[PDB]
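Have a look at the structure below, then the notes.
Protein chains in written order, with the deposited numbering: chain A, 2 to 150; chain B, 1 to 76.
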């Protein structure tokens with residue numbers, strides 16, 4: 002049941018500021034539609050910032066994976082620069098039924114902390130990171146200081 | 001020391017070590033009690049990835065610390 006699932010993630014994020022997450026609702030206080038927002042990974046182009054993700058955790062939750070679509074635009078091979086969408090397959094397609102959103106937004110933080118062209122989202126950003134280590138440090142550090150405020 | 005591996009499953013893992021233990025031996029002790037493939041194991045610790053032919057002492061991994069395990073495939 003989706004009602005007896007999200008209110009455990011809402012209270013466990015409320016008690017713990019050291020985990021770095023806000024689960025802040027899109028309606029008022031429902032049981033599903035969330036801005037899941039993490040703090041930026043330090044010593045890296047994604048340091049120090051609020052990384053905002055819109056989330057439908059679908060109707061059959063605990064069993065269904067989150068539809069993770071970014072408001073904050075991020076220049077990264079696995080996370081979309083143009084759309085919002087993400088590639089990490091056991092997070093978005095092949096779910097384990099007891100993963101919390103407190104564990105899933107800390108997975109996007111660890112995906113940004115050391116970039117790799119392996120699970121592909123925006124294809125010309127994966128071509129850019131294979132070619133580059135100078136204009137990726139120009140574009141991703143500027144995009145973190147503007148979009149992750 | 002008992003350092004804690006944060007999975008992408010729900011099921012959370014004890015890792016039985018001291019600072020001499022290899023990142024090789026970290027990937028073998030996760031394939032033991034969880035079953036997770038060495039190419040899926042993208043391990044992350046504070047500014048850094050855990051590179052495979054290395055020690056725990058390279059990274060500043062202190063007693064009872066959290067290692068962040070990301071399950072990274074090649075497609076989705």
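Where is the CB? At the ideal position from N, CA and C, for every residue including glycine.
Spatial neighbours of residue 105 of chain A in its own chain (CB-CB distance under 7 Å, excluding positions within 5 residues in sequence) are listed in chain order as 67 and 92. Within the stretch 30–53 of chain A, 42, 43, 44 and 45 place their CB atoms closer than 9 Å to a CB of chain B, listed in sequence order. Against chain A, the CB of residue 5 of chain B has no partner CB under 7 Å away; the residue lies outside that interface.
Look at residue 49 of chain B: its C-beta is under 7 Å from a C-beta on chain A.
DSSP assignment within the stretch 2–51 of chain A yields the following whole alpha helix (DSSP H) runs of 4 residues or more, N-terminal first: 4–16. With 16 or more other Cβ atoms inside 10 Å of its own Cβ, residue 77 of chain A counts as buried. When the alpha-carbon of residue 96 of chain A is set against those of A:141, A:64 and A:31, the nearest one is in A:64.
For residue 128 of chain A, the enclosing alpha helix (DSSP H) begins and ends at 124–132. In the structure shown, residue 74 of chain A adopts coil according to DSSP, grouped into three states. Cβ-Cβ distances below 6 Å link residue 52 of chain B to 23 in the same chain, with the five nearest sequence neighbours on each side left out; the list follows chain order. The contact set of residue 71 of chain B on chain A, defined by CB atoms closer than 7 Å, consists of 91 in chain order. Inter-residue distance for residue 44 of chain B and residue 2 of chain A is about 33 Å (C-alpha atoms, whole angstroms). For residue 50 of chain B, the three-state secondary structure derived from DSSP is coil. Taking 7 Å as the cut-off, the Cβ atoms of residue 10 of chain B and residue 94 of chain A do not count as close.
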